[PDB]
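Residue numbers (the entry's author numbering): 3 to 243. Each residue gets a CB set at the ideal place from its N, CA and C atoms; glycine is no exception.
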Amino acid sequence: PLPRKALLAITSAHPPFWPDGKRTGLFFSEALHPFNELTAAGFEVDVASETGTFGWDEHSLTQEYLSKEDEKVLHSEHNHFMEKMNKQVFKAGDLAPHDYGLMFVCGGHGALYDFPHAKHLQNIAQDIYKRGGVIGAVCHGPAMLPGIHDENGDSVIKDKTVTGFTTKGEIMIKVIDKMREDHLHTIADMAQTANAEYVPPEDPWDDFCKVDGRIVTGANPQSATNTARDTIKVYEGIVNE
Ligand SMILES: [Cl-]
Ligand SMILES: [Cl-]
Ligand SMILES: [Cl-]
């Protein structure tokens, strides 16, 4: 039986990144919204990064990217989400992978730096998938997926339809130059190299999710809630087999 316990995977990278000089990192709403959905569906949640540490993407902490509810959580000390983020983030390699029935992979541009080679997080996900569980991933989160393998050593997304942050969006927000400077690949190029089929939303910020078997992906911060919801729907079907 797949445990009703989720691993919320977060980037450990937070370098200066944006054109105004601000750091990237974990996208705030992309951790909070899935945490809320998982909690509402009765999951226990552990948070982990490859190192055990993280920083928030600085743009994700601005009004442009925070709802009224988001900001209240951010500035609240006693809140269960913030207590977990402040005091309970694990180094991924310490955790026993068999404890989880689902992984949810958060985004933020930091994910481009560490997720492709985040072998401890990838090991947890491979184990979940092998036991028949579910992996959801939003925005830049899908950068982890090429390194999560099936029994044959192929990516779990081989021949699957996936979405994720558009190359159009990287150009529009003017981070494509920095990505090339740091030798980062776009989500679409990572998906193609893994032999997946990348599908962008009609416009770069549309709520847009793809479900293909037990791999669920979302395109951007506006897709996070529904990516988590779709991931939970897939899980519920498996445990009711
Ligand atoms: Cl910079
Ligand atoms: Cl535990
Ligand atoms: Cl694109």
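{"Check": "Helix, strand or coil at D214 according to DSSP, with G and I counted as helix", "Outcome": "strand"}
{"Check": "Nearest-angstrom Cα separation, counted from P21 out to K176", "Outcome": "7 Å"}
{"Check": "Boundaries (first-last residue) of the beta strand (DSSP E) holding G138", "Outcome": "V136 to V140"}
{"Check": "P18 Cβ short of 6 Å to ligand 1 heavy atom set", "Outcome": "yes"}
{"Check": "Bridge-paired residues (DSSP) for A11", "Outcome": "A50 and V107"}
{"Check": "Straight-line Cα distance separating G54 from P148", "Outcome": "22 Å"}
{"Check": "Burial state of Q65, where buried means 16 or more other Cβ atoms lie within 10 Å", "Outcome": "exposed"}
{"Check": "8 Å Cβ shell around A8 - same chain, five flanking residues per side excluded", "Outcome": "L40, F45, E46, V47, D48, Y102, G103, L104, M105 and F106"}
{"Check": "Contiguous alpha helix (DSSP H) assignments of at least 4 residues, all confined to the region 33 to 87", "Outcome": "70 to 76"}
{"Check": "Touching by the beta-carbon criterion (3+ pairs, under 8 Å), the region 163 to 171 and the region 191 to 199", "Outcome": "yes"}
{"Check": "Cβ shell of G134 (< 7 Å), same chain only, five flanking positions each side left out", "Outcome": "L4 and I240"}
{"Check": "Assigned secondary structure, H122 (DSSP; H/G/I helix, E/B strand, else coil)", "Outcome": "helix"}
{"Check": "Between the CA atoms of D129 and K235 - distance to the nearest angstrom", "Outcome": "20 Å"}
{"Check": "Cβ-Cβ distance between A120 and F92 below 7 Å", "Outcome": "no"}
{"Check": "Sequence-distant residues of its chain with Cβ nearer than 7 Å to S225 (five each side left out)", "Outcome": "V140, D209, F210 and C211"}
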